[PDB]
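Enquirer: Structure file model.txt (compact mmCIF, C-alpha atoms and all ligand atoms) right here:
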# COMPACT_ATOMS: atom_id res chain seq x y z
CA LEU A 114 14.36 -12.70 -34.57
CA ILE A 115 11.27 -13.71 -32.58
CA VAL A 116 8.21 -14.91 -34.53
CA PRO A 117 5.57 -13.50 -34.81
CA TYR A 118 7.49 -10.39 -35.84
CA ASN A 119 6.14 -6.91 -36.54
CA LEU A 120 8.09 -4.69 -38.92
CA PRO A 121 6.90 -1.06 -38.96
CA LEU A 122 6.76 0.54 -42.41
CA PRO A 123 7.13 4.23 -41.52
CA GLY A 124 4.78 6.42 -43.53
CA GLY A 125 3.40 3.37 -45.32
CA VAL A 126 4.44 1.72 -48.53
CA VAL A 127 5.37 3.48 -51.69
CA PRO A 128 6.37 2.32 -55.16
CA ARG A 129 10.06 1.31 -55.35
CA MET A 130 10.07 0.03 -51.78
CA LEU A 131 11.69 -3.41 -51.59
CA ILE A 132 11.13 -5.63 -48.54
CA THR A 133 13.49 -8.58 -48.04
CA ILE A 134 12.77 -11.45 -45.60
CA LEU A 135 15.37 -14.17 -44.95
CA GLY A 136 14.68 -17.29 -42.90
CA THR A 137 14.45 -21.05 -42.83
CA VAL A 138 11.29 -23.14 -43.04
CA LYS A 139 10.91 -25.42 -40.03
CA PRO A 140 10.87 -29.18 -40.59
CA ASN A 141 7.21 -30.35 -40.88
CA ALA A 142 5.99 -26.78 -41.40
CA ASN A 143 2.27 -26.23 -41.92
CA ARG A 144 1.96 -22.54 -42.79
CA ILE A 145 3.66 -19.16 -43.26
CA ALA A 146 1.94 -15.75 -43.39
CA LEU A 147 2.96 -12.22 -44.32
CA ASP A 148 0.30 -9.63 -43.43
CA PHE A 149 0.59 -6.04 -44.70
CA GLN A 150 -1.77 -4.16 -42.39
CA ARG A 151 -3.75 -0.94 -42.56
CA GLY A 152 -4.93 -0.70 -38.96
CA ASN A 153 -7.11 -3.81 -38.36
CA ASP A 154 -7.46 -4.42 -42.09
CA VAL A 155 -5.07 -6.70 -43.95
CA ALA A 156 -4.21 -5.12 -47.29
CA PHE A 157 -2.24 -8.14 -48.51
CA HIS A 158 -2.10 -11.55 -46.86
CA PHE A 159 0.42 -13.95 -48.41
CA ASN A 160 -0.14 -17.48 -47.03
CA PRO A 161 1.85 -20.52 -48.15
CA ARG A 162 0.07 -23.67 -46.97
CA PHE A 163 2.12 -26.91 -46.91
CA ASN A 164 -0.81 -29.33 -46.54
CA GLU A 165 -4.23 -28.26 -47.74
CA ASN A 166 -5.88 -31.56 -48.59
CA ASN A 167 -2.42 -33.03 -49.36
CA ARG A 168 -1.49 -30.24 -51.73
CA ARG A 169 0.84 -27.27 -51.36
CA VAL A 170 -0.71 -23.93 -52.34
CA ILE A 171 -0.14 -20.22 -51.82
CA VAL A 172 -3.27 -18.25 -50.86
CA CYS A 173 -3.42 -14.45 -51.18
CA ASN A 174 -6.26 -12.26 -49.92
CA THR A 175 -7.39 -9.01 -48.30
CA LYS A 176 -9.35 -8.61 -45.03
CA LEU A 177 -11.64 -5.60 -44.70
CA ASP A 178 -13.76 -4.91 -41.62
CA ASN A 179 -12.96 -8.44 -40.33
CA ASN A 180 -14.14 -10.13 -43.57
CA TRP A 181 -11.92 -11.99 -46.02
CA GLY A 182 -12.41 -11.32 -49.75
CA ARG A 183 -11.96 -13.44 -52.86
CA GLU A 184 -8.85 -15.66 -52.67
CA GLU A 185 -6.17 -15.64 -55.34
CA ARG A 186 -4.39 -19.01 -55.40
CA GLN A 187 -1.02 -19.96 -56.86
CA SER A 188 0.01 -23.63 -57.30
CA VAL A 189 3.72 -22.82 -57.94
CA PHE A 190 5.24 -23.49 -54.53
CA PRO A 191 8.90 -22.59 -54.09
CA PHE A 192 9.20 -23.25 -50.34
CA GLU A 193 10.69 -26.43 -48.97
CA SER A 194 10.42 -27.75 -45.41
CA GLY A 195 13.74 -27.45 -43.59
CA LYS A 196 15.36 -25.14 -46.18
CA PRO A 197 16.47 -21.49 -46.29
CA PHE A 198 14.50 -18.98 -48.29
CA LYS A 199 14.47 -15.36 -49.41
CA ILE A 200 11.19 -13.55 -50.01
CA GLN A 201 11.35 -10.17 -51.77
CA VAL A 202 8.25 -8.00 -51.98
CA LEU A 203 8.59 -5.05 -54.41
CA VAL A 204 5.87 -2.44 -54.27
CA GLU A 205 4.91 -1.27 -57.76
CA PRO A 206 2.31 1.32 -58.69
CA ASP A 207 -0.51 -1.18 -59.29
CA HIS A 208 0.57 -4.34 -57.47
CA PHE A 209 2.80 -6.04 -54.96
CA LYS A 210 5.38 -8.14 -56.83
CA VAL A 211 6.70 -11.22 -54.99
CA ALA A 212 9.92 -13.14 -55.78
CA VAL A 213 11.20 -16.16 -53.83
CA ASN A 214 14.85 -17.22 -54.09
CA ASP A 215 15.33 -14.69 -56.89
CA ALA A 216 12.54 -16.14 -59.10
CA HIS A 217 9.35 -14.21 -59.82
CA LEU A 218 6.36 -15.86 -58.12
CA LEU A 219 3.24 -13.70 -58.30
CA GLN A 220 1.71 -10.23 -58.44
CA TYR A 221 -1.20 -9.01 -56.32
CA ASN A 222 -3.21 -6.03 -57.56
CA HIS A 223 -3.80 -3.32 -54.96
CA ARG A 224 -7.27 -3.66 -53.43
CA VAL A 225 -6.50 -1.25 -50.56
CA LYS A 226 -5.63 2.00 -52.34
CA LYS A 227 -4.33 4.18 -49.49
CA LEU A 228 -0.77 2.85 -49.75
CA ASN A 229 0.52 5.44 -47.26
CA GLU A 230 -1.70 3.88 -44.57
CA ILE A 231 -0.30 0.32 -44.94
CA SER A 232 2.21 0.87 -42.16
CA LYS A 233 2.95 -2.51 -40.57
CA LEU A 234 4.13 -5.92 -41.78
CA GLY A 235 3.43 -8.97 -39.64
CA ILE A 236 5.44 -12.14 -40.20
CA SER A 237 4.16 -15.39 -38.66
CA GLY A 238 4.17 -19.15 -39.02
CA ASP A 239 6.48 -22.09 -39.07
CA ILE A 240 9.80 -20.41 -39.76
CA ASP A 241 13.03 -19.38 -38.14
CA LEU A 242 13.40 -15.72 -39.07
CA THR A 243 16.90 -14.40 -39.82
CA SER A 244 16.32 -10.88 -41.18
CA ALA A 245 13.50 -8.55 -42.24
CA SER A 246 14.33 -5.17 -43.76
CA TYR A 247 13.44 -2.68 -46.45
CA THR A 248 15.18 -0.36 -48.83
CA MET A 249 14.32 1.95 -51.74
CA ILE A 250 15.45 0.93 -55.20
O1 LIG A 301 -8.75 -16.32 -47.43
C1 LIG A 301 -7.63 -16.28 -46.56
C2 LIG A 301 -7.96 -16.86 -45.19
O2 LIG A 301 -8.32 -18.25 -45.36
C3 LIG A 301 -8.75 -18.82 -44.13
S1 LIG A 301 -9.22 -20.48 -44.50
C4 LIG A 301 -10.53 -20.23 -45.65
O3 LIG A 301 -11.79 -20.60 -45.03
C5 LIG A 301 -12.91 -20.37 -45.88
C6 LIG A 301 -14.20 -20.62 -45.10
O4 LIG A 301 -14.35 -19.59 -44.11
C7 LIG A 301 -12.81 -21.25 -47.13
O5 LIG A 301 -12.87 -22.64 -46.76
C8 LIG A 301 -11.50 -20.92 -47.85
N1 LIG A 301 -11.34 -21.73 -49.10
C9 LIG A 301 -11.35 -21.43 -50.40
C10 LIG A 301 -11.15 -22.62 -51.10
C11 LIG A 301 -11.04 -22.78 -52.58
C12 LIG A 301 -11.18 -24.05 -53.16
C13 LIG A 301 -11.07 -24.21 -54.54
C14 LIG A 301 -10.80 -23.11 -55.35
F1 LIG A 301 -10.69 -23.26 -56.71
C15 LIG A 301 -10.64 -21.85 -54.78
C16 LIG A 301 -10.76 -21.69 -53.40
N2 LIG A 301 -11.00 -23.62 -50.20
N3 LIG A 301 -11.12 -23.09 -48.91
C17 LIG A 301 -10.33 -21.10 -46.88
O6 LIG A 301 -9.06 -20.78 -47.47
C18 LIG A 301 -7.65 -18.79 -43.08
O7 LIG A 301 -8.16 -19.31 -41.85
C19 LIG A 301 -7.20 -17.36 -42.88
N4 LIG A 301 -6.06 -17.27 -41.96
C20 LIG A 301 -4.89 -17.86 -42.03
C21 LIG A 301 -4.20 -17.41 -40.94
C22 LIG A 301 -2.82 -17.68 -40.47
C23 LIG A 301 -2.40 -17.40 -39.17
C24 LIG A 301 -1.08 -17.65 -38.81
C25 LIG A 301 -0.19 -18.17 -39.75
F2 LIG A 301 1.11 -18.42 -39.41
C26 LIG A 301 -0.62 -18.43 -41.04
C27 LIG A 301 -1.92 -18.17 -41.41
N5 LIG A 301 -4.91 -16.53 -40.22
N6 LIG A 301 -6.15 -16.41 -40.86
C28 LIG A 301 -6.79 -16.76 -44.23
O8 LIG A 301 -5.63 -17.44 -44.74
CL CL A 302 -8.32 2.10 -49.39
Would you write the structure of this file as C-alpha cells?
Expert:
Amino acid sequence: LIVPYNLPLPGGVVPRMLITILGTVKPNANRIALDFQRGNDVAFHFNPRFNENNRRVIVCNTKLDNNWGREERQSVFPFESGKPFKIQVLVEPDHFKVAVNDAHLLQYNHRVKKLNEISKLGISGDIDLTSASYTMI
C-alpha cells in the first residue's frame, strides 16, 4: 500500500473493533505515526520516535482545534529498524489498547468522547505498509 495511507472507519469506532496494521520498518527509520481523526482533530496520535535525543520513545497525544495536549510517553519500544511488525489497536469502552507483535504495549484513555465521529485512520512515516484492516471481535 502507498504511505501515507487513509483507512476510513465507517460510522466511527466502537468497542470490540480491532484494527490490525502489518508492515516493515524502513532501515534508518526516524518516525511512524497512526492518527485516529475526528474531522481536523486527532483523537489519538501514536508516534514512535527512533531518535529523540538518542533515545527511542513512543509519544501519544490528542490534537484539538490545532493544539496538542499533554503527552503520554512510553519508553518500552518494540519496533526495530528493518524488521516486520504487527500493530493491533483494540477499542475498549474507556481506552484504546495497543499491542505490538502480540505483546501488550500501552492503553490510552479516551479524551475525545464522541467515538462514532472518529471515522478515519491515517498511517504515515518510515514504513513499508503491507496491510491495514479492521474486524469486530
Ligand atoms: O505531542 C505530539 C506532537 O509532538 C510534536 S513535537 C513536540 O514539540 C513540543 C514543542 O512544541 C515539545 O517540544 C514536545 N516535547 C515534550 C517533551 C517532554 C520531555 C520530557 C518529559 F518528561 C515529557 C515530555 N519533549 N518535547 C515535543 O514532543 C510533533 O511535531 C507532532 N507531530 C509529529 C508528526 C508526525 C508527522 C509524520 C510522521 F510520519 C510522524 C509524526 N506530526 N506532528 C506530535 O508528535
Ligand atoms: Cl468529544
Enquirer: Identify which of the residues A:235, A:191, A:140, A:125 lies closest to ligand LIG 301 (chain A), counting all atoms listed in the file when measuring atom-to-atom distances.
Expert: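 Among the listed residues, A:235 lies closest to ligand LIG 301 (chain A).
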Enquirer: Write out as number ranges by chain the residues lying within 12 Å of range 168-181 of chain A, counting only C-alpha atoms and excluding same-chain residues fewer than 2 positions away.
Expert: A: 142-166, 183-194, 209, 211, 218-226
Enquirer: Which is closest to ligand LIG 301 (chain A) among A:182, A:123, A:136, A:195, if we use only C-alpha atoms and all ligand atoms?
Expert: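 Between A:182, A:123, A:136, A:195, the residue approaching ligand LIG 301 (chain A) most closely is A:182.
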Enquirer: To one decimal place, how far is CA of residue 202 in chain A from atom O8 of ligand LIG 301 (chain A) in Å?
Expert: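 Rounded to one decimal, the two atoms are 18.3 Å apart.
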Enquirer: Go ahead and compute the interatomic distance for CA of residue 229 in chain A and CA of residue 210 in chain A, in Å to one decimal.
Expert: 17.3 Å
Enquirer: For CA of residue 133 in chain A and CA of residue 212 in chain A, determine how far apart the two atoms are, in Å to one decimal place.
Expert: 9.7 Å
Enquirer: Here is a test: counting only C-alpha atoms, which residue of A:130, A:138, A:216, A:204 is nearest to residue 239 in chain A?
Expert: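 Result for the nearest residue to residue 239 in chain A: A:138.
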Enquirer: Let me make sure I understand: among A:201, A:232, A:167, A:237, which one has the smallest atom-to-atom distance to residue 127 in chain A if we use all atoms listed in the file?
Expert: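 The closest residue to residue 127 in chain A is A:232.
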Enquirer: Of the candidates A:236, A:250, A:242, A:231, which shows the shortest atom-to-atom distance to ligand LIG 301 (chain A), using all atoms listed in the file?
Expert: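 With all atoms listed in the file as the atom set, the closest residue is A:236.
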Enquirer: Given the choices A:217, A:129, A:227, A:139, which gets closest to ligand CL 302 (chain A) if the distance is worked out from all atoms listed in the file?
Expert: A:227
Enquirer: Quick one: residues within 9 Å of residue 115 in chain A, all atoms listed in the file, excluding same-chain residues fewer than 2 positions away - as a list in words?
Expert: residues 117, 118, 241 and 242 of chain A
Enquirer: At a cut-off of 8 Å, using only C-alpha atoms, what residues contact residue 246 in chain A? Leave out same-chain residues fewer than 6 positions from it and give the result as a compact mmCIF listing (two decimals) with C-alpha atoms, in the coordinates of the input.
Expert:
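Result file follows (around.txt):
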# COMPACT_ATOMS: atom_id res chain seq x y z
CA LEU A 120 8.09 -4.69 -38.92
CA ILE A 132 11.13 -5.63 -48.54
CA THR A 133 13.49 -8.58 -48.04
CA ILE A 134 12.77 -11.45 -45.60
